[PDB]
Amino acid sequence: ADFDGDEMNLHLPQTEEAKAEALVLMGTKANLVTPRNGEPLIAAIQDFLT
Amino acid sequence: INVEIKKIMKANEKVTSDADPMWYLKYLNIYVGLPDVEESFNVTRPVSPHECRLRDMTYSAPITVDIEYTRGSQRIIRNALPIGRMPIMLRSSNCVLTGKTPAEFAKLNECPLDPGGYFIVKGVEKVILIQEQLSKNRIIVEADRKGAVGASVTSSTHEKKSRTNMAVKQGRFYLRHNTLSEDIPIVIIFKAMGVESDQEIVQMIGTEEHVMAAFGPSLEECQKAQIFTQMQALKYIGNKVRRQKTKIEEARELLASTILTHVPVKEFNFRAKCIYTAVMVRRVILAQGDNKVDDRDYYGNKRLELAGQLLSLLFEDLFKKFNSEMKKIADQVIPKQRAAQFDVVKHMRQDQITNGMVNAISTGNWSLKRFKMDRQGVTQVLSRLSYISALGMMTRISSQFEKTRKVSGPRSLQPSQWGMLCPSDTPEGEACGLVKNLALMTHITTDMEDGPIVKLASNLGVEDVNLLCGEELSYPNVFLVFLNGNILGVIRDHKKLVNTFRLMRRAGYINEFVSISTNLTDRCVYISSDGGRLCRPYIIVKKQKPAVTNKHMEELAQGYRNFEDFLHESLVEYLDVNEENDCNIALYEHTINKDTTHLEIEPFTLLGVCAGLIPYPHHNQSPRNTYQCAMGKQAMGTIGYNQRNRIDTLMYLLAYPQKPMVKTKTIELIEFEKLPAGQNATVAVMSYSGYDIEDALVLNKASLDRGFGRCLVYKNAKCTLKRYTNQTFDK
Amino acid sequence: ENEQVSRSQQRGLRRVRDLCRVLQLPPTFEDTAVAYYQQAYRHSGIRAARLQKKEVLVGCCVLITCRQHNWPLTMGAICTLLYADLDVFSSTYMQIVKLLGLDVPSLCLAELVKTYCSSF
Amino acid sequence: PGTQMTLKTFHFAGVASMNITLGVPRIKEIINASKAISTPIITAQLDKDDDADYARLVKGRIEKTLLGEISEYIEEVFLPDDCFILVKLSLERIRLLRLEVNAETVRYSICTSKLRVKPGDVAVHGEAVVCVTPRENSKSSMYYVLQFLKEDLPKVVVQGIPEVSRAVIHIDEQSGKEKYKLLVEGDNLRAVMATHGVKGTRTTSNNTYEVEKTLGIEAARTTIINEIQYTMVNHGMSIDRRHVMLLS
Amino acid sequence: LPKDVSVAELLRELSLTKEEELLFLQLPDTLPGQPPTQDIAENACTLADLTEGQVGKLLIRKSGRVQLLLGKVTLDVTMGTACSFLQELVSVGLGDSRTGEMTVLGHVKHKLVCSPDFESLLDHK
Amino acid sequence: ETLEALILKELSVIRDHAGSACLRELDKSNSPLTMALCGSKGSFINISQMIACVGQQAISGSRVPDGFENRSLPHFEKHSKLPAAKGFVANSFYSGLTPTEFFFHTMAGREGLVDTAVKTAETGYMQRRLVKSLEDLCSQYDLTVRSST
Amino acid sequence: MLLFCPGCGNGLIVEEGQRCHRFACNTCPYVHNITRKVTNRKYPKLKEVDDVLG
Amino acid sequence: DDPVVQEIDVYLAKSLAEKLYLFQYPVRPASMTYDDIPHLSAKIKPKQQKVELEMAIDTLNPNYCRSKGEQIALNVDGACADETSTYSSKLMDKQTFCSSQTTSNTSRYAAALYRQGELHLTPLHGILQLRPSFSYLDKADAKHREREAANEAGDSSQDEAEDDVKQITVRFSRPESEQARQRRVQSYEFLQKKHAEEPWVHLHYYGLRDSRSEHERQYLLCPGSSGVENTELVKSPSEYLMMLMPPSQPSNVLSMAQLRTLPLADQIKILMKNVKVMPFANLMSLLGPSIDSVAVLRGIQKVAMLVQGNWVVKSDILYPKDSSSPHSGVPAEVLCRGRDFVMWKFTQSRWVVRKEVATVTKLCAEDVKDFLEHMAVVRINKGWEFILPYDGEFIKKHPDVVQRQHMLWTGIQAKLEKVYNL
Amino acid sequence: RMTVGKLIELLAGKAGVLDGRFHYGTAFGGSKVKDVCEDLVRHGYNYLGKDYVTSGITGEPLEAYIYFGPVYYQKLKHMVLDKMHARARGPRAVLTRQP
RNA sequence: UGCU
Ligand SMILES: Nc1nc2c(ncn2[C@@H]2O[C@H](COP(=O)(O)OP(=O)(O)OP(=O)(O)O)[C@@H](O)[C@H]2O)c(=O)[nH]1
Ligand SMILES: [Mg+2]
Ligand SMILES: [Zn+2]
């Protein structure tokens, strides 16, 4: 994203099992790296590196 | 509405039925009149475009005609009879807005700065975009699907349009047409078109060693068969002809009229057509070597059809349909109705043409069966997001492709768009490269008579093509001269011809819009006089000094002369793409060298209307300018001085709009400063609070409270209370 | 429907629509005219009638549709565009109105005045 | 990675020629495993990688050489006794290109899939002269077939593999030593490996179908993996080898 | 065979040799004259309307210019398409309504084209 | 092609030398330079393009093709292979770009835009196919990857 | 080469008569006996020595 | 570049104007001629010229195949019919050259015979291209068709008397529609039949080697003196140009030429309505020196007034009676009064105050700005100054005009003082 | 993005609002940078747009100068109030029972 | 038709 008018979707699970699976498997703290080559994608960005 | 409608009426002036001879319906003169509304009870009343928008009706004028017919063998005439309603374009010759001052515009509830030029039907504003297609009656040499370098020609006359191709799939030239069962050799067609001597055929094709070596296989394949006479060739063509000596007659008819319709034959004299196919085969042979393949994206071979030609074709088709319906009704009524003599007035449908035009302008889908043309998206809703948005949408251009394939060829920016179309203005998305906008300074030519052009060409020593054989076509100094795809003849020392033609055009005896180009690779001088061609004004430069001077500019500023006087005094002239391809142009005065023929008027005119708002665009990137134009097409601001009385389904206005501080000459010209679409704010480039990480910005609470950025959204909610068939109404 | 219809009724409907489009009356007027024509054709006396009878029926249905909306239209022009004579026109008009009994609003004077003044 | 790649150009792999399809189109062709691919590349090693003479020799051996490309002139001479086509081979250019082609080799190449010309029709008079005297076949063909012979004779293969179209000598200038290899834009790996002087043990090809049909399914898998890895590295983006291994 | 020019052609036809030669020149559609008592109109004036005698002069200036002074205006004569095929000039005179005579006058080798000097016609007025 | 390659090499050398000179003359504390050093956004290439000189406008990995007959624009002589006539941009964004340079830059930009537009759909289709083909495999407990069957 | 009949102009083919090979047309009795040697060279472009790449 | 030498004369001949034709062979090079080929006859027509030459070719030459000649003769003709034979003997002896018409009109083409010091021009009555025609093949095809028919009929040894009486198959001469009749008229068969309807004319051939050739070659010349002034061919270059190119048939819509083509009064009126400020010398220079100064003065005095030596267009000329203010919509009379007041203020003093003018005329700022810009410019710290300087030359040259303008301005001042109550 | 045109526009607008003028940003021309720098140095402001600015939060001056100036910002029709969406159960389609 |  670039915060230039992007419309993003937000969904709310309707089941406790689905909620737990989303929190565990799709956790932001657990998916800090991509399975392509293991490089971290969630890191510093412009206005933070500088 | 002034000339083309009259020409169509003259072409379809007389209509009669086969049964009951001596009966006819003759049209004398057709009128469009002024815009009126059929609201009152059989009474006309002037109606304004704003009133039409408010009442959700069409802004059209009653089409009337004076006719004469024979009811019972007694000629009865009518001086004024309505037959339809033609939607009148705003700011046209017959529109009520033209020739009006701002005070009268205010009285009529219309903005003076409104660009106009759009139709109003059922309350919605539709604009007919400019269609961009390929030039007709032109040979195109290109690679085939598998990669066979062949040629094609789409001969389009006022009646039929036929595309015929020529391939070298097997080392020999096979001609393919939609009316033949199988592609036949070109030598058989040569023998059928009168020229039976193989020596003459080879001399017409060419006298070069490689030309003969490449054409040998065709002669061998022709000699393999027993085809040596015109009769045998025509019999073979007839046997190969598809169903729609009788076969020989049909073959001759297809060779004379169907194949290469643009090449005329005086009386079954195929000399011109033979020379044309010989030149085509010569071009194909020359291209079979060095890969000098012509490109389709070259706008010098493009034609722009404005709304005028589309409306003329639609009106012609509707008038033909009406004539056919009237003839059918007559054939059905007159022979068995009663002794009461029948006349057309009782069945003259006055709503046919009206509904046809209304649907063609509203739905946007045009289906002309007489020409087999099925187009869509011709008309689009005028975007009233802002004055800039409307002014930029009014000058758009759609392509014939219409997102068929991601070719990238026509979508790429070709150097031929110099001074004609805006390079940076293009919608960002799937339509990138297919939707374009005209430049700030450009013009579209119309059709001329072509009489004096041919007369001057014949008087300048152009030798008749029928007087000499085709061997002269293979000489290096003999240059062919073409006129709108038709072989005008041959000439020697084409420099003198071009110079004299340009001098005559500058003098004024020839229309300034007739273009003349010369291609040396093929040795062809093209004289273009058809409409739709893009032209641009240029100052004439002679001997390292332009013709326009400070004295002329001072006279223009004081009002002694005008642009027409400049055109007449051989100071500024219109150049086409094909003409500038050969002529040399200079950007500035310091760039003028010895080899210069013209001078650029202004460089900033290269950009379009939407791009003219960019301050200092030559200091930014191209994608930046593209996104800037795309967002200016949606910018929020005032629309016009009648924005309060205007009622649209969705409108966005700004509370305190302010004109830019850094305004461009294009802005001053388009008068955007009078209707700005933004505000100037004291911006500080810096990072603050980290809430502006990726393209975001931080606003001031107090600034927003003091009225900065205040916007107004106006929506419309419409309701209808109509009466049904029964005597009941919604209440 | 549209299948249990005779060629004569279809010709009558097409003539109604043609005269409506010639007079340039709205599609609501066209619908009302075709509806009244069907309602009149329902009867057998008008069903098995003369050709001039059914032509005057088309004319009178158009006239009734024009009157029902307070629209001025002269019976003279109606007869002129209908290929009929005033005598038989009035006779069949009286017959059909006595057979049906539909509302016949009187012709307003001001509307006809405006319609005729627009002609000059 | 398909979206990350921008489909750049000018990536000739250091040869400044032989435009090869790399990127999303190449990945598409690989995942489709088409029998015929666009611009196939075969890389072959040499036993004598330092001798440019031997490199050229094997190049001429593997590359298709047409008759018209080596013959200096072909003339259809009609002597008052008989008509025949005389081809003059340029022995100078032959020895310059280092092609083992003589009059006997040209005669043997002729009479192969050419309207069934009998051996007695072709004859040799000098050291570099070839005389072809056709005969009427009676199948809608008469003595006037010398034109078809002039049309299709110069395009007859005399030496090299018919499938090979263009073989070039690539050079690796490693500081240790400058070695030579063969880059063939053909679709025949079996013939390239069978040719003399080519180290068939270190011959690779880009056509997965040919690699499968020649060296087996494991060779095809290895070639697919290597090609995908190379195509992905050309764009500067890396992928774990396990993904391509699982795909293959 | 190098492409010759009209001035050198006339020079080598008159000075280098004295044998007569048959030429074929293409004149403009309308000549700068009026049909003399031909019942009119500004119509086309061709050679069929003019009478016999001296009608114009042929001048050869320096630098290879070849002009034709046919009155107050001056046309320019250039070399036409170099025809290499056989061209036989013949006169077919039908002296009698039943029998005529075809007389081969000579052969045509060179072709000339006369064109109005539009530049001069424009700069004059 | 040899002349083309030599001209491109000369232009690249000029570009690199101009960029090096700009980087050596620029003083520290400069915001563009600091951002290019830290890698947050921008780079030395963009800095040199917007300060020192813009690089050669390359279309499909080559110079601007001749749109007109034997020349890109009518403003240049025929058969002219000069850098400024074939696509070289001598001026920088700060000093302003000439009309021809701006037109060539717009050509390159539109080329890149259409390339990305085609790439979007092409990679979408490729990803759809690859996923529909590989959505059946899974890692079992016995360390053996098996399909659905 | 490509030869044509001076009489009609059609292509001439090489055939064998009763005395010597001759050019003849397929649409007229015109013929032309061969007296001396006749040749038609084409000089096909030779394959240049492709130099090493790199 | 002067005519140093080669001053050749041009003469015209009309002896063979209607008897001169141009025959050219596109398939025969100029090297080989038909002077040695014996000709037999030539078929021609007066109208729709299409000549067909019938020549003879040798047979004993080595370039002729006797077997193929016999074959083609037996194919085109019968065994011994010889009633309608394309060849007298059993060999191809005659050759047929057909003529094709290049153009309909050949008046622009002329044959030029060059002699020592003179060039004789003779018009051409027709130009035709001669090419070897192939009709013996069509006749052979017809012969083969009739032979196949005869074979089909004689398939049996003895053919019984066939009862194939021709029933009366008289079809209707149906009335052909106009479209079908036009199609039939434009069909190739109809044109061919119309051309064939005209009878042929046979002519003998006289080669160049004959004495008749040199006898008739002299008719291309004309008896006349060396120097004769032609009565015709005396039109000027402008007349020749008009002949060879005959014609087809804001307030600045009219161009300079369209303006000059109008009367002097309309010219001056349009120039004033366009510029609104121009000296008399500039007006004279624009109109032209051929127009009289008194006429220009009489024309300008009716549509302009004198202000500080310069001429300013009147207010009513710019604002007609039916016009109105494009910014406020006030009637044209008020605009005329305001413009007259502005002109009076300018004549009284070179510096005019916009605020004072507005306060006096009670007009709006935009109208005052337009009135001031029409005839003045903005000067800092001084207000509005007249765009042109004081022209005293015209005042000194025309004193009576100055007095007339002064009294007119006095009357206008009286009217303004009466209206605005100054 | 190499948007030096934005900086040039900002400097020109600052000079214009200071000197009571309207600078021109005409393509391939317009007011040069030297003219606006002269205007700024005549009016007393920095010739590069950067001015001494004090932080409002901490009240201490910033180590680097801030680039202030008037820029012509234009608001677009894309509104978050219109683009915001939240779907409960809501209705469904007749053919396929889905939102 | 626009948006990312
Ligand atoms: N606002 C808007 N306008 C559209 C839309 N789709 C089509 N139009 C109009 O229709 C034209 C092109 O639409 P098309 O893609 O041809 O319509 P389509 O091909 O049927 O698109 P599909 O419905 O996806 O097949 C445009 O140029 C618009 O005129 C749309 O989705 N939104
Ligand atoms: Mg985004
Ligand atoms: Zn022949």
# chains A, B, ... in the order shown; residues from 1 in each chain; ligands from 1
call {"tool": "residues_near_ligand", "arguments": {"ligand": "ligand 1", "cutoff": "8 Å", "atoms": "only C-alpha atoms (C1' of nucleotides) and all ligand atoms", "output": "ChimeraX atom specification"}}
result
/B:376-377,379-380,402 /J:1-2
call {"tool": "residues_near_ligand", "arguments": {"ligand": "ligand 3", "cutoff": "9 Å", "atoms": "only C-alpha atoms (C1' of nucleotides) and all ligand atoms", "output": "JSON, numbers by chain"}}
result
{"G": [4, 5, 6, 7, 8, 9, 10, 11, 12, 24, 25, 26, 27, 28, 29, 30, 31]}
call {"tool": "closest_atom_pairs", "arguments": {"of": "chain B", "to": "ligand 2", "cutoff": "12 Å", "atoms": "only C-alpha atoms and all ligand atoms", "output": "CSV"}}
result
residue,atom,partner,partner_atom_place_in_ligand_line,distance
B:627,CA,ligand 2,1 (Mg),11.7
B:694,CA,ligand 2,1 (Mg),9.5
B:695,CA,ligand 2,1 (Mg),9.2
B:696,CA,ligand 2,1 (Mg),11.1
call {"tool": "write_last_selection", "arguments": {"atoms": "C-alpha atoms", "output": "mmCIF file, in the first residue's frame"}}
result
data_model
loop_
_atom_site.group_PDB
_atom_site.id
_atom_site.type_symbol
_atom_site.label_atom_id
_atom_site.label_comp_id
_atom_site.auth_asym_id
_atom_site.auth_seq_id
_atom_site.Cartn_x
_atom_site.Cartn_y
_atom_site.Cartn_z
ATOM 1 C CA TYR B 627 -1.390 11.252 -12.821
ATOM 2 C CA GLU B 694 3.819 7.246 2.434
ATOM 3 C CA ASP B 695 2.371 10.133 0.376
ATOM 4 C CA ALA B 696 0.117 11.230 3.259
#
call {"tool": "select_by_dssp", "arguments": {"residues": "segment 69-205 of chain D", "states": "strand (DSSP E or B)", "output": "VMD selection string"}}
result
chain D and resid 71 to 79 82 to 89 122 to 124 129 to 132 157 to 159 167 to 172 179 to 184 198 to 205
call {"tool": "closest_residue", "arguments": {"among": "B:135, B:223, B:2, B:628", "to": "chain D", "atoms": "only C-alpha atoms"}}
result
B:223
call {"tool": "interface_residues", "arguments": {"of": "chain B", "to": "chain J", "cutoff": "12 Å", "atoms": "only C-alpha atoms (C1' of nucleotides)", "output": "ChimeraX atom specification"}}
result
/B:377,380-383,385,427-431,630-631,633-634
call {"tool": "write_last_selection", "arguments": {"atoms": "C-alpha atoms", "output": "PDB file, in the first residue's frame"}}
result
ATOM      1  CA  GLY B 377     -19.405   3.609 -26.926  1.00  0.00           C
ATOM      2  CA  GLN B 380     -20.537   9.175 -23.395  1.00  0.00           C
ATOM      3  CA  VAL B 381     -22.014  11.131 -20.501  1.00  0.00           C
ATOM      4  CA  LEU B 382     -20.336  14.524 -20.198  1.00  0.00           C
ATOM      5  CA  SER B 383     -18.419  14.512 -16.916  1.00  0.00           C
ATOM      6  CA  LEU B 385     -16.931  17.033 -12.159  1.00  0.00           C
ATOM      7  CA  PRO B 427      -6.270   8.076 -18.656  1.00  0.00           C
ATOM      8  CA  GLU B 428      -4.414   5.924 -16.133  1.00  0.00           C
ATOM      9  CA  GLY B 429      -5.743   2.373 -16.163  1.00  0.00           C
ATOM     10  CA  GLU B 430      -6.743  -0.204 -18.749  1.00  0.00           C
ATOM     11  CA  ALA B 431      -7.399   2.545 -21.331  1.00  0.00           C
ATOM     12  CA  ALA B 630      -5.951  12.106 -14.434  1.00  0.00           C
ATOM     13  CA  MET B 631      -6.630  13.789 -11.085  1.00  0.00           C
ATOM     14  CA  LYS B 633     -10.062  15.422 -14.714  1.00  0.00           C
ATOM     15  CA  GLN B 634     -11.702  14.770 -11.313  1.00  0.00           C
TER      16      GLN B 634
END
call {"tool": "residues_around", "arguments": {"residues": "residue 62 of chain F", "least_positions_apart": "2", "cutoff": "10 Å", "atoms": "only C-alpha atoms (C1' of nucleotides)", "output": "number ranges by chain"}}
result
D: 9-10; F: 4-5, 8, 56-60, 64-65, 86-87
call {"tool": "residues_around", "arguments": {"residues": "segment 113-129 of chain F", "least_positions_apart": "3", "cutoff": "9 Å", "atoms": "only C-alpha atoms (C1' of nucleotides)", "output": "list in words"}}
result
residues 406, 407, 408, 411, 412, 428, 429, 430, 432, 433 and 623 of chain B; 1, 2, 3, 5, 6, 7, 24, 25, 27 and 28 of chain D; 108, 109, 110, 132, 133 and 134 of chain F
call {"tool": "write_last_selection", "arguments": {"atoms": "N, CA and C atoms", "output": "CSV table (one decimal), in the first residue's frame"}}
result
chain,number,residue,atom,x,y,z
B,406,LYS,N,-3.8,-6.2,-25.8
B,406,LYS,CA,-2.7,-5.5,-25.2
B,406,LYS,C,-1.5,-5.5,-26.2
B,407,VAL,N,-1.7,-4.8,-27.4
B,407,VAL,CA,-0.7,-4.8,-28.4
B,407,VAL,C,0.5,-4.0,-27.9
B,408,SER,N,0.3,-2.9,-27.2
B,408,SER,CA,1.3,-1.9,-26.8
B,408,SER,C,1.8,-1.1,-27.9
B,411,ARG,N,-0.8,1.8,-28.2
B,411,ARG,CA,-0.8,2.3,-26.9
B,411,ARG,C,0.5,3.1,-26.6
B,412,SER,N,1.6,2.7,-27.2
B,412,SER,CA,2.9,3.5,-27.1
B,412,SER,C,2.7,4.9,-27.7
B,428,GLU,N,-5.2,7.0,-16.8
B,428,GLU,CA,-4.4,5.9,-16.1
B,428,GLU,C,-5.3,4.7,-15.8
B,429,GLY,N,-5.0,3.6,-16.4
B,429,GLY,CA,-5.7,2.4,-16.2
B,429,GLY,C,-5.6,1.5,-17.4
B,430,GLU,N,-6.7,0.7,-17.6
B,430,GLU,CA,-6.7,-0.2,-18.7
B,430,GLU,C,-6.8,0.5,-20.1
B,432,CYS,N,-5.0,3.0,-21.0
B,432,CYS,CA,-3.8,3.8,-21.2
B,432,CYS,C,-3.3,3.6,-22.6
B,433,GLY,N,-3.2,4.7,-23.4
B,433,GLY,CA,-2.7,4.7,-24.7
B,433,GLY,C,-3.8,4.7,-25.8
B,623,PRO,N,5.1,10.1,-15.8
B,623,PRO,CA,4.1,9.5,-15.0
B,623,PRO,C,3.5,10.5,-14.0
D,1,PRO,N,6.9,-13.2,-7.8
D,1,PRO,CA,8.0,-12.8,-8.6
D,1,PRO,C,7.6,-12.4,-10.0
D,2,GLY,N,6.5,-13.0,-10.5
D,2,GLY,CA,6.0,-12.6,-11.8
D,2,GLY,C,5.6,-11.1,-11.8
D,3,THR,N,5.0,-10.6,-10.8
D,3,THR,CA,4.7,-9.2,-10.7
D,3,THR,C,5.9,-8.4,-10.4
D,5,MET,N,8.9,-8.8,-11.4
D,5,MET,CA,9.7,-8.7,-12.6
D,5,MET,C,9.1,-7.6,-13.5
D,6,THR,N,9.9,-6.8,-14.1
D,6,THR,CA,9.5,-5.7,-15.0
D,6,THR,C,9.6,-6.0,-16.4
D,7,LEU,N,10.1,-7.2,-16.8
D,7,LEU,CA,10.3,-7.6,-18.2
D,7,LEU,C,11.3,-6.6,-18.9
D,24,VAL,N,8.6,-13.4,-17.5
D,24,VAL,CA,7.3,-14.0,-17.4
D,24,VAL,C,7.0,-14.9,-18.6
D,25,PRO,N,7.3,-14.5,-19.8
D,25,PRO,CA,7.1,-15.4,-21.0
D,25,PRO,C,7.9,-16.7,-20.9
D,27,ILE,N,9.0,-18.1,-18.0
D,27,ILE,CA,8.4,-18.9,-17.0
D,27,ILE,C,7.2,-19.6,-17.5
D,28,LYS,N,6.4,-18.9,-18.3
D,28,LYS,CA,5.2,-19.5,-18.9
D,28,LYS,C,5.5,-20.6,-19.8
F,108,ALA,N,9.0,7.1,-23.1
F,108,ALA,CA,9.5,6.0,-22.2
F,108,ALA,C,8.5,5.8,-21.0
F,109,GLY,N,8.0,6.8,-20.5
F,109,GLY,CA,7.0,6.6,-19.4
F,109,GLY,C,5.8,5.8,-19.8
F,110,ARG,N,5.2,6.2,-21.0
F,110,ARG,CA,4.1,5.4,-21.5
F,110,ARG,C,4.4,4.0,-21.8
F,132,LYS,N,-4.1,-23.1,-9.2
F,132,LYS,CA,-5.0,-24.2,-9.5
F,132,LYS,C,-4.3,-25.5,-9.8
F,133,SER,N,-3.0,-25.5,-10.2
F,133,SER,CA,-2.3,-26.7,-10.5
F,133,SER,C,-1.6,-27.3,-9.2
F,134,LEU,N,-1.2,-26.4,-8.3
F,134,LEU,CA,-0.4,-26.8,-7.1
F,134,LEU,C,-1.2,-26.8,-5.8
call {"tool": "select_by_dssp", "arguments": {"residues": "segment 566-678 of chain B", "states": "alpha helix (DSSP H)", "output": "list in words"}}
result
residues 566, 567, 568, 577, 578, 579, 580, 581, 582, 622, 623, 624, 625, 626, 627, 628, 629, 630, 631, 632, 665, 666, 667, 668, 669 and 670 of chain B
call {"tool": "write_last_selection", "arguments": {"atoms": "C-alpha atoms", "output": "PDB file, in the first residue's frame"}}
result
ATOM      1  CA  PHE B 566      -1.365  35.741 -42.006  1.00  0.00           C
ATOM      2  CA  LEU B 567      -2.507  32.608 -43.842  1.00  0.00           C
ATOM      3  CA  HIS B 568      -3.269  34.604 -46.994  1.00  0.00           C
ATOM      4  CA  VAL B 577       1.897  14.779 -40.558  1.00  0.00           C
ATOM      5  CA  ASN B 578       2.976  13.466 -43.964  1.00  0.00           C
ATOM      6  CA  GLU B 579       4.078  16.957 -45.010  1.00  0.00           C
ATOM      7  CA  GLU B 580       6.161  17.631 -41.895  1.00  0.00           C
ATOM      8  CA  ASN B 581       7.672  14.168 -42.394  1.00  0.00           C
ATOM      9  CA  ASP B 582       9.542  15.752 -45.325  1.00  0.00           C
ATOM     10  CA  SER B 622       6.063  11.861 -17.248  1.00  0.00           C
ATOM     11  CA  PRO B 623       4.063   9.520 -14.973  1.00  0.00           C
ATOM     12  CA  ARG B 624       3.708  12.476 -12.608  1.00  0.00           C
ATOM     13  CA  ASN B 625       2.147  14.578 -15.371  1.00  0.00           C
ATOM     14  CA  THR B 626      -0.109  11.681 -16.379  1.00  0.00           C
ATOM     15  CA  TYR B 627      -1.390  11.252 -12.821  1.00  0.00           C
ATOM     16  CA  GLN B 628      -1.774  15.028 -12.517  1.00  0.00           C
ATOM     17  CA  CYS B 629      -3.981  15.143 -15.616  1.00  0.00           C
ATOM     18  CA  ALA B 630      -5.951  12.106 -14.434  1.00  0.00           C
ATOM     19  CA  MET B 631      -6.630  13.789 -11.085  1.00  0.00           C
ATOM     20  CA  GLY B 632      -7.396  17.166 -12.657  1.00  0.00           C
ATOM     21  CA  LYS B 665      -0.631  30.898 -20.486  1.00  0.00           C
ATOM     22  CA  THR B 666      -2.850  27.902 -21.252  1.00  0.00           C
ATOM     23  CA  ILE B 667      -4.782  28.689 -18.060  1.00  0.00           C
ATOM     24  CA  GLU B 668      -5.180  32.313 -19.146  1.00  0.00           C
ATOM     25  CA  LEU B 669      -6.378  31.152 -22.575  1.00  0.00           C
ATOM     26  CA  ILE B 670      -8.929  28.614 -21.294  1.00  0.00           C
TER      27      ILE B 670
END
call {"tool": "closest_atom_pairs", "arguments": {"of": "chain B", "to": "chain E", "cutoff": "9 Å", "atoms": "only C-alpha atoms", "output": "JSON lines"}}
result
{"residue": "B:455", "atom": "CA", "partner": "E:29", "partner_atom": "CA", "distance": 8.9}
{"residue": "B:458", "atom": "CA", "partner": "E:29", "partner_atom": "CA", "distance": 7.7}
{"residue": "B:459", "atom": "CA", "partner": "E:28", "partner_atom": "CA", "distance": 5.3}
{"residue": "B:460", "atom": "CA", "partner": "E:115", "partner_atom": "CA", "distance": 5.5}
{"residue": "B:461", "atom": "CA", "partner": "E:115", "partner_atom": "CA", "distance": 5.8}
{"residue": "B:462", "atom": "CA", "partner": "E:113", "partner_atom": "CA", "distance": 8.8}
{"residue": "B:463", "atom": "CA", "partner": "E:80", "partner_atom": "CA", "distance": 8.1}
{"residue": "B:468", "atom": "CA", "partner": "E:83", "partner_atom": "CA", "distance": 7.7}
{"residue": "B:469", "atom": "CA", "partner": "E:83", "partner_atom": "CA", "distance": 8.6}
{"residue": "B:471", "atom": "CA", "partner": "E:83", "partner_atom": "CA", "distance": 8.5}
{"residue": "B:472", "atom": "CA", "partner": "E:81", "partner_atom": "CA", "distance": 6.8}
{"residue": "B:478", "atom": "CA", "partner": "E:81", "partner_atom": "CA", "distance": 7.2}
{"residue": "B:490", "atom": "CA", "partner": "E:81", "partner_atom": "CA", "distance": 8.6}
{"residue": "B:491", "atom": "CA", "partner": "E:81", "partner_atom": "CA", "distance": 7.8}
{"residue": "B:492", "atom": "CA", "partner": "E:80", "partner_atom": "CA", "distance": 7.0}
{"residue": "B:500", "atom": "CA", "partner": "E:118", "partner_atom": "CA", "distance": 6.8}
{"residue": "B:503", "atom": "CA", "partner": "E:119", "partner_atom": "CA", "distance": 7.6}
{"residue": "B:504", "atom": "CA", "partner": "E:118", "partner_atom": "CA", "distance": 7.9}
{"residue": "B:507", "atom": "CA", "partner": "E:122", "partner_atom": "CA", "distance": 7.8}
